[PDB]
Amino acid sequence: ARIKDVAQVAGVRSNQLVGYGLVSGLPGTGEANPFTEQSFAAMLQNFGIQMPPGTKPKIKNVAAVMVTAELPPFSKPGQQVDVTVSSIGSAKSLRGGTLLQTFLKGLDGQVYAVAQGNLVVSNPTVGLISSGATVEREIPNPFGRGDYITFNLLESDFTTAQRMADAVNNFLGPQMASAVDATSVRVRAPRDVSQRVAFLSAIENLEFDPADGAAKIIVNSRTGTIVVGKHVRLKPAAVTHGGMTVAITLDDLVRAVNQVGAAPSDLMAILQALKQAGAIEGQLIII
Amino acid sequence: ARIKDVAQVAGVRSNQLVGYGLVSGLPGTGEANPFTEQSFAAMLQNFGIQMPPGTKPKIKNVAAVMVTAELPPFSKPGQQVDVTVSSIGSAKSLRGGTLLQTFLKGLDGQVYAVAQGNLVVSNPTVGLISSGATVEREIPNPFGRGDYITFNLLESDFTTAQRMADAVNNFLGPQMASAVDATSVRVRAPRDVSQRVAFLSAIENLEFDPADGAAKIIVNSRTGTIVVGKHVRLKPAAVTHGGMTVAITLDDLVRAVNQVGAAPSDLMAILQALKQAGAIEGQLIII
Amino acid sequence: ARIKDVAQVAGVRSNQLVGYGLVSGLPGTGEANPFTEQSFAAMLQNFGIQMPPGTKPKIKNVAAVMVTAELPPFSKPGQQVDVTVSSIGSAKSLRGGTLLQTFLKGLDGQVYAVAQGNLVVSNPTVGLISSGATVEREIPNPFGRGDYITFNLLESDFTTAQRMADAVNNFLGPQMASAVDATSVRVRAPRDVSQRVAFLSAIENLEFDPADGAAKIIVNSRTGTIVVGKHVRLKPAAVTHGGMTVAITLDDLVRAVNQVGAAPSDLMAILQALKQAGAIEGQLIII
Amino acid sequence: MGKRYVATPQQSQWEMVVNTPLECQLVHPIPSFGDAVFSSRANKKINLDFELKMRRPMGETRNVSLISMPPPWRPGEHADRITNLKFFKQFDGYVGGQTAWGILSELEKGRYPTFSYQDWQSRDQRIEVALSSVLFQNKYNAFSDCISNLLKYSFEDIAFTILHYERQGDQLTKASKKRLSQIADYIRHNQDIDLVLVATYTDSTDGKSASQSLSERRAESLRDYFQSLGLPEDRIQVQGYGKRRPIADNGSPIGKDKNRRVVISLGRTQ
């Protein structure tokens, strides 16, 4: 696995932008909500049409939506990012709509992008635009600062952190990378920003073997799927479910489930009994 | 991949223009909204016909619309750009309409284009005009300033940025291009604007191989499609879904889905369990 | 069994983050609860739209939810974690929704993550997001402090604690690890944080045999499954159930159950009689 | 600015070109400049040659400065002046003795050995040539292993050999068999050896005809052995001189044993 596949550079982050806007050009599948009409009236005032107070627009092709964009790291003004458009009123469908000018604000309350474009919906009330938002401002980055760069593991593990440190040391030389915890690995990097990009290009393509990790059993209590990871061991026991008795991975337990009618989701309750009896060498996680 | 295919020049941007207008010549598929009638009355006053106050026009061939145009970089007065016309009232169809004179305003509130023309609609409430807007004003550009030009990658990556820098250096000579982050590459350029255009013409056609990028799994939660990118690796595990057990890309998991009735969209929930168990070497992205 | 499979490092803990948010883009399966409308109005005020007091939004695509995330140990800012989204009002379904910006608070009342994204629901009122929460703050750790590290057994046992101590001593040398109770094992570790990670990497992969543990019988009173562990012995006795008499693991008792009609869950009551007569060498646990 | 020739981390590669018990050759290609070759050869003494081989030959003899420059990705570390060499005209740069081992050591620490000098082909301007340490460790381990598995004798040490026979029998003594095994190893690993000259001759104890017969039988046994090593028959030469041409005083027990001997002389095509 390449380092870039299983890790991210510290300080090189994404940012989330959110804004309110109106979607027009709907085939009569718009809203009549008070906030939609209020926003529509304000927008019309912005163009020189001001209705008398208390006038009902009777609009049916306009829907109020919430626009969200994720700003990739090193985003420069003039670039385009995707936006997700979701209806917040009572519009039946956003299919075929057009997002009007909406300003996308950061967590500090400043506008960083402007979103327009045509919605592509499949849920008819959520659509996407491939280049809806144009980046208008930059977010500063700590990437070029300091005397080292840091890799953050996507899956935290002490062994994976140490193996990535060894991979860099073998490639470059001794005392070059060090694991500071189960997630972060610090690599000494050049001070020049151009040399650091060239340096990081060679390092992020290094190959190493991530560790297997702790043995876990993942149970989706609402879907019924049971994922048993590697290194999970079930201690032998006599399991009596329904009217039949079986002796002890899931293959034997699934057969015991199939013996009686019961249900494939009855296996989720057999594991909990095994966990209580100490017959599982691992972690039973319910998601 | 050519540089012009995978990158954009910094400072060479598009601009978005928006305006309000009326669409006439509709076969009785117009509006009766108060703002449509108000705008119609103001337009008629602009031609010497002023109805007494409180007069209802009873118009049925006129619809109020929002007109949007994108101004390409280096747009000169006299050029024509496309406009998207979307209905904002309650008109049933814009098919066969004619957009009347509408002024398109920039983000600074100034008029940069005037839009007219004939609508071509397929959604019957959104139409397009191939040369609707005529550019009337210029937007200044920083392209000819400075001692360098900058390329912004469409897909940000450290390796792609460095490979594009090497491509320029190999073509021209040493110390010519430098990658300053994962997105931007700076190339030294002539001071003369005519020589810079000739210089950029040779550079934007250079060929190089963009990097593969980080391994990702993209799941469209509303359509059901799952796109597994290159370099994604699934660690072996025992997955029990429904009543059958399978052992471990998607091909094996799709067969496990097809074993039981279930649904092709049940695979989206199997991946989340694998992600929780640490059996995915990559990023699971939900769009 | 590896040490990392059956034990956890003391001081290396997870943290639970909880927050309130709204889910938009629902196909008309939203709420009308007073708190949903109040939160929606406050959110709209945050964007410049303030409805007059007493205005009913009449929203149908918005649902109020509770967002929960678990913060893994050594979580750094910029990382992404899963979030579970559960409806708390009266929404019929959260399928196809979009979680709006919600702040996830710790047990001390401070915000440590921000959650957004697209919900993936199978129960239609609970959904999951694979990278919903972005970590924004760090929680300090006592991992690098002191002159030793401590392993906490997932299944507490004196023999397993001593065997893990012997496994470390055999690998490294005498007087290196010591069991302080049935759960914890203390291993002397380097003072340098980088050396401690390298040290812990070698130690957590050590293999040893966990002890069998106390003999137990686990009975699920609501499912009917009876899990009889190893080392459980039933003393011989004459059991008369229904109209037939049997003499004495579960196999004989299951046959006695099958003799009469009765039910497979009548075995749970036969064990209690055996427990009262002192015919069980073990613990009868009801879960 | 200046011309610096170094392999970037994406370009740096080290290779073990010759890996035999007679020679070791570790090669680092310096892009746009040439090669850097470390060579060790089977010998009784510690030997290493470093050759900076240039595509465009050295224009003039120049004083060269060898420094141990830290790589860019090591801020806060200073450069160590290693030494001053002389690169000669139309010859590859050569560093030998302890300095070549020091270059290997500075590469082991993760540093860049840099040769700086004024290039004649470059309008007499100062240029730098650096050896990259990227992807050096594994090939340095392989190089150390091959150096470990080097013969402890050279062609000069075995080219002339004199072996002795036992008092009774047609077999060589213990030490003579050991030396013959050494010769066989060197021959089997060296393909440049063309000629083998064998001159058996014995003591005066037996009769002249008997002496000649013994000497010829011994010569034929040695010729068959040398054939077994793979040399073609047209290369081996064997002659039995009997009890004639004594090198020691016949009559003394030690003298007769001295004369009971074979001469083996190798000849190579280097």
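Every chain here is numbered from 1 following its written sequence, a scheme that can differ from the numbering in the entry; residues without coordinates are not drawn. Just so you know, chain letters begin at A and ligand numbers begin at 1, following the order they were written in. All values in this description refer to the chains shown, which are themselves only part of a larger assembly. Computation of side-chain values: all heavy atoms of the structure, hydrogens and water removed.

- The deposited coordinates for this entry were obtained by cryo-EM, with a reported resolution of 2.95 Å.

**Quick look at the overall build of chain A**
So, point 1. Helix numbers and strand numbers start at the N terminus; a helix is a DSSP run of H or I with at least 4 residues, a strand a run of E with at least 2. A count of helices and strands for chain A gives 6 helices and 17 strands.
So, point 2. Based on the C-alpha atoms only, the size of chain A along its principal axes is roughly 80 × 65 × 25 Å.
So, point 3. Per-residue accessibility, obtained with a 1.4 Å probe over protein chains only, is compared with the maximum for each type, and a residue is labelled buried under 20%, exposed over 50%, and partly exposed between these values. A burial count over chain A gives 58% of its 287 residues as buried.
So, point 4. Computed by Shrake-Rupley with a 1.4 Å probe, the accessible areas treat only the displayed protein chains as cover when residues are assessed. Carbon and sulfur atoms provide 48% of the accessible area of chain A, an area that totals close to 10300 Å².

**Points about the packing of helix α4 (residues 193-203) of chain A against helix α3 (residues 158-171) of chain B**
So, point 1. Here the axes come from fitting lines to C-alpha atoms, over the contacting stretch only for helices, and the angles between their N-to-C directions go from 0 to 180 degrees. It is the contact of α4(A) with α3(B), at a shortest axis distance of 9 Å, that shows an interaxial angle of 115°. Every pair of crossing elements has a handedness; the one defined by α4(A) and α3(B) is left-handed. Listed contacts from α3(B) to A:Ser194, A:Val197, A:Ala198, A:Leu200 and A:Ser201 of α4(A) are B:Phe158, B:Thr159 and B:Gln162.
So, point 2. Each residue receives one of three labels: charged for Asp, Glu, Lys and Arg, nonpolar for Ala, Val, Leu, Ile, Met, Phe, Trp, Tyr, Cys and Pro, and polar for the others, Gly being one of them. Tallied by class, the residues present in the contact of α4(A) with α3(B) amount to 4 nonpolar, 4 polar and no charged. Crossing handedness is defined as follows: a turn of the near helix away from the far one that is anticlockwise and smaller than a right angle gives a left-handed crossing, while the clockwise case is right-handed. By the convention used here, residues are in contact when the closest approach between their heavy atoms is within 4.5 Å.

**Things to note about the pattern of salt bridges**
So, point 1. Each reported salt bridge corresponds to a side-chain nitrogen of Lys or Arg within 4 Å of a carboxyl oxygen of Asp or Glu. Per the stated rule, a full pass over the model turns up 47 salt bridges over all chains.
So, point 2. One salt bridge connects A:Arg188 with D:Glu77, and the closest N-O pair in it is separated by 3.1 Å. Within this pair, whereas A:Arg188 is found in strand β10 (residues 184-188), its partner D:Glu77 is found in the loop between β6 (62-69) and β7 (80-87), the two belonging to separate chains.
So, point 3. Note on A:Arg188: relative accessible area 21%, which makes it partly exposed.

**A closer look at the interface of chain B and chain A**
So, point 1. Contact residues are listed per partner, giving 72 residues for chain B and 82 residues for chain A.
So, point 2. Buried surface at the junction of chain B and chain A, summed over both partners, amounts to about 5800 Å²; 57% is from carbon and sulfur atoms.
So, point 3. By definition, the buried area sums, over both parts, the 1.4 Å-probe accessible area that each loses when the two are put together. It is B:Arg13, B:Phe158 and B:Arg222 that lose the most area in chain B upon contact with chain A, and together they represent 12% of the buried surface on that side.
So, point 4. B:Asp181 is the partner of A:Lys76 in a salt bridge, and the nearest nitrogen-oxygen pair spans 2.9 Å.
So, point 5. The element contributing the most residues to the side of chain B that touches chain A is helix α6 (residues 267-276) of chain B, with 6 residues.
So, point 6. Each residue belonging to the side of chain B that touches chain A can be placed in one class, and the counts come to 29 nonpolar, 33 polar and 10 charged.
So, point 7. Across 3 bridges, strand β12 (residues 226-228) of chain A lies against strand β14 (residues 238-241) of chain B in antiparallel orientation. Paired with A:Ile226 across the two strands is B:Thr240, which belongs to β14(B). Pairing between two strands is assigned when DSSP locates at least 2 bridges connecting them.

**Details of helix α3 (residues 158-171) of chain A**
So, point 1. In a helix, the anticipated span is given by 1.5 Å times the number of residues less one. Its 14 residues place the ends of α3(A) 20 Å apart at the C-alpha level, agreeing with the 20 Å of an ideal helix rising 1.5 Å per residue.
So, point 2. The element α3(A) is extensively covered by neighbouring structure, given that 11 of its 14 residues are classed as buried.

**Brief notes about the environment of B:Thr29**
Residues and elements named next belong to chain B.
So, point 1. Along the chain, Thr29 turns up in the loop between β2 (15-24) and α2 (34-45).
So, point 2. As a C-alpha pair, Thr29 and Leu119 span 90 residues in sequence and 14 Å in three-dimensional space.
So, point 3. The residues contacting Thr29, other than those within four sequence positions of it, are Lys60, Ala91, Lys92 and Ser93.

**Regarding helix α6 (residues 267-276) of chain C**
Residue and element names in this part refer to chain C.
So, point 1. By the burial criterion, the buried members of α6 are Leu267, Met268, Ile270, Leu271 and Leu274. Seen end-on, α6 carries its buried residues on one side only, within an arc spanning 160°.
So, point 2. Of the residues one or two after α6, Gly278 is the one with positive phi, at around 70°. An arc is given here, and it is the one of the directions from the helix axis to the C-beta atoms.

**Comments concerning a positive patch on the surface**
So, point 1. A surface patch of positive charge is lined by A:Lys56, A:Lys58, A:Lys60, A:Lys92, B:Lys56, B:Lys58, B:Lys60, B:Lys92, C:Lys56, C:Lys58 and C:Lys60.
So, point 2. Following the sequence through the fold, A:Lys92 ends up in the loop between β4 (80-87) and β5 (98-105).
So, point 3. With relative accessibility at 69%, the residue A:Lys92 sits in the exposed group. Residues enter patches when their relative accessible area tops 30% and they take part in no salt bridge; the joining distance is 9 Å for like charges and 5 Å for the nonpolar side chains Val, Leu, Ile, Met, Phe, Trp and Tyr. By the counting scheme adopted, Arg and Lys are positive, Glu and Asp are negative, and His together with the chain ends is not counted. In this description, the location of a charge corresponds to atom NZ of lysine, CZ of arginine, CG of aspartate or CD of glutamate.

**Side note on the sheet that holds strand β8 (residues 148-153) of chain C**
All names here are of chain C.
So, point 1. On the basis of which strands lie adjacent, the open sheet formed by 4 strands has the order β1-β8-β10-β9 and antiparallel pairing. At either end of the open sheet lies a strand with only one pairing partner, and these are β1 (7-9) and β9 (177-179). The mean angle between the axes of side-by-side strands here comes to 25°, regardless of whether they run parallel or antiparallel.
So, point 2. In this structure, β8 lies alongside strand β10 (residues 184-188), joined through 5 bridges in antiparallel fashion. When the bridges of β10 are listed, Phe151 appears paired with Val185.
So, point 3. Set on the sheet, helix α4 (residues 193-203) makes contact with β1, β8 and β10; between it and β8 the angle comes to about 35°.

**Some points on the interface of chain D and chain A**
So, point 1. Contact with chain D, which involves 15 residues of that partner, is made by 17 residues of chain A.
So, point 2. Of the roughly 1300 Å² buried between chain D and chain A, counting both surfaces, carbon and sulfur atoms make up 57%.
So, point 3. Counting the surface chain D buries against chain A, the share from its top three residues, D:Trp73, D:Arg74 and D:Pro75, is 43%.
So, point 4. Remark: the boundary between chain D and chain A carries 1 salt bridge.
So, point 5. Here a polar contact is recorded for every N or O atom pair within 3.5 Å, except that within protein the pair must consist of a potential hydrogen donor and a potential acceptor, and residues adjacent in sequence are included only if both atoms are side-chain atoms. Across the chain D-chain A interface, the total number found is 6 residue pairs in polar contact.
So, point 6. The residue makeup of the side of chain D that touches chain A, split by class, is 6 nonpolar, 5 polar and 4 charged.

**Some words on the packing of helix α4 (residues 174-189) of chain D against helix α5 (residues 208-228) of chain D**
Residues and elements named next belong to chain D.
So, point 1. Look at α4 against α5: their axes get within 10 Å of each other, and the N-to-C directions meet at 35°. Judged by the twist between their axes, the crossing of α4 over α5 is right-handed. Contacts between α4 and α5 pair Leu180, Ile183 and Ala184 from the former with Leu222, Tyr225 and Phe226 from the latter.
So, point 2. A breakdown of the residues in the contact of α4 with α5 according to their chemical character gives 6 nonpolar, no polar and no charged.

**Focus on the state of the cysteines**
Residues and elements named next belong to chain D.
So, point 1. In what follows, a disulfide is any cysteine sulfur pair within 2.5 Å. In this structure the tally under the stated criterion is 1 disulfide over all chains.
So, point 2. Note that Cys24 is cross-linked by a disulfide to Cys146, the S-S spacing being 2.0 Å. Since a negative S-S torsion denotes a left-handed disulfide, the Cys24-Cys146 link at about 135° is right-handed. Of the two residues, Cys24 is situated in strand β3 (residues 23-30) and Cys146 in helix α2 (residues 137-148); the sequence distance between them amounts to 122 residues.

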